[PDB]
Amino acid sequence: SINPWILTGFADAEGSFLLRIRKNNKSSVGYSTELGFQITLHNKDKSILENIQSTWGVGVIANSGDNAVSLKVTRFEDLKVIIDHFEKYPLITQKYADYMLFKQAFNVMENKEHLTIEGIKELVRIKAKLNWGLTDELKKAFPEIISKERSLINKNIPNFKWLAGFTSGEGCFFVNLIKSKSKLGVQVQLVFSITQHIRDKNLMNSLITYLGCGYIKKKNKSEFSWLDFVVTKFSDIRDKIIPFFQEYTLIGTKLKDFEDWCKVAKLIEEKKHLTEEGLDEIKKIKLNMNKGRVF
């Protein structure tokens, strides 16, 4: 079982809303629809999608390839459980707009309007603003649907447990080894990062006030660019970040990386990172965390 604010936070990170408008000869209006919500994680974290499936009592889980597992909810009657949860515990990222389009599509299909050509047209207008918008095929079939206008989402973090769910998705507990010509040769630096597209710059900035520490780093790769909420000062990590997530527990395999992160934190707090044996212990923990974990 999972906490409802924890789940929305995770759904802001991972999770996605789908609207399929598929050409289908056997449909009277020539199109069939499929609506729902889905999350795709590494096989690593299939436990998360089992706890969500069990808390909602809805969703089917299936492999999304060799390295990935998927939780998909499409059965139309079952999306009421999705909508009921997100109405009481709403998303706060730009995905909240994708959710509202999804809810608008729900009302279309609930009123059986998707079986009318006009209802398909409204669904194509909803799809045009949803996620990556219209397909080439749907653009060709509907050259009049042009608005890719996205509503702007701006909400505050509604709950401590929300950030714990979001950090379970976009968080990273990293142990950096700054190599130098010193006697030890390396400086151990704990880094806590939360990554997000520049779509939610104001939400990323708000973390600095919400947690009372950190700063924002802008990264880019060719046409794409994102942000990072970064904490590198150790006193903030020891007094704020670790006590925060120790009281609002994370979920998934990323939790085990946080526990090892705290193990390194106790060692540096004791100045053991200045020694040869203490620095070797930190390296053995860093090797077994994150991409080095044995499962």
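A residue's number is simply how far along the shown sequence it sits, counting from 1.
The stretch 180-188 shows the higher mean C-alpha B-factor when 153-161 is compared against 180-188 in the entry.
Taking the mean C-alpha B-factor of each stretch as recorded, 33-41 and 261-269 are not equal, and the higher mean is that of 261-269. Per the deposited record, 221 carries the highest C-alpha B-factor of all listed residues (95, 112, 221, 199). Highest C-alpha temperature factor among 103, 88, 139, 80 per the entry: 139. Split the chain's modelled residues into thirds by C-alpha temperature factor. Residue 122 is in the middle one.
Remark: residue 143 belongs to the highest third of its chain, ranked by C-alpha B-factor as recorded.
Sort the chain's modelled residues by C-alpha temperature factor and residue 290 lands in the highest third, per the entry. In the deposited entry, the Cα temperature factor of residue 3 places it in the middle third of its chain's modelled residues. In the deposited entry, the Cα temperature factor of residue 275 places it in the highest third of its chain's modelled residues.
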